[PDB]
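Colleague: Okay, handing you the structure first.
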Amino acid sequence: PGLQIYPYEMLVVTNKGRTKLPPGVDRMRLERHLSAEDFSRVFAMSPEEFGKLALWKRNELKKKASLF
């Protein structure tokens, strides 16, 4: 049960505004939207690298992507 992969930019809100996230988004878990080509290109790590990381490192990274 995972959220559909979004083309990052689909969630990469670049203009404040209380915008609404795609039908089924996870703030603290936005990464679940980043495609493998996006996660790996976003966090320079294998989508998996994350599936094995921690909540902290994950946070320190997600913030690097703005998916936090």
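Be aware that the sequence shown starts at 9, since it is given in the deposited numbering, and climbs by one per residue.
Every residue, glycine too, gets a C-beta built ideally from N, C-alpha and C.
1) Could you check whether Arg-40 and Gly-59 sit closer than 7 Å to each other, using their CB atoms as the reference points?
2) Excluding the 5 residues flanking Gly-32 on each side, which residues of the same chain have their C-beta closer than 8 Å to its C-beta?
3) Cα separation between residue 124 and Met-18?
4) Going by other Cβ atoms of all chains shown within 10 Å of its Cβ, with 16 needed for buried, is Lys-28 buried or exposed?
5) Between which two residues does the alpha helix (DSSP H) carrying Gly-25 extend?
Modeller: Looking at the coordinates:
1) Not in contact: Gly-59 and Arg-40 (Cβ atoms no closer than 7 Å).
2) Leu-11 and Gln-12
3) The structure shown does not extend to residue 124, since the chain spans only 9 to 76, so no value can be given for it.
4) Only exposed fits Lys-28, as fewer than 16 other CB atoms lie within 10 angstroms of its CB.
5) Premise fails: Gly-25 is in no alpha helix (DSSP H) and is neither H nor E.
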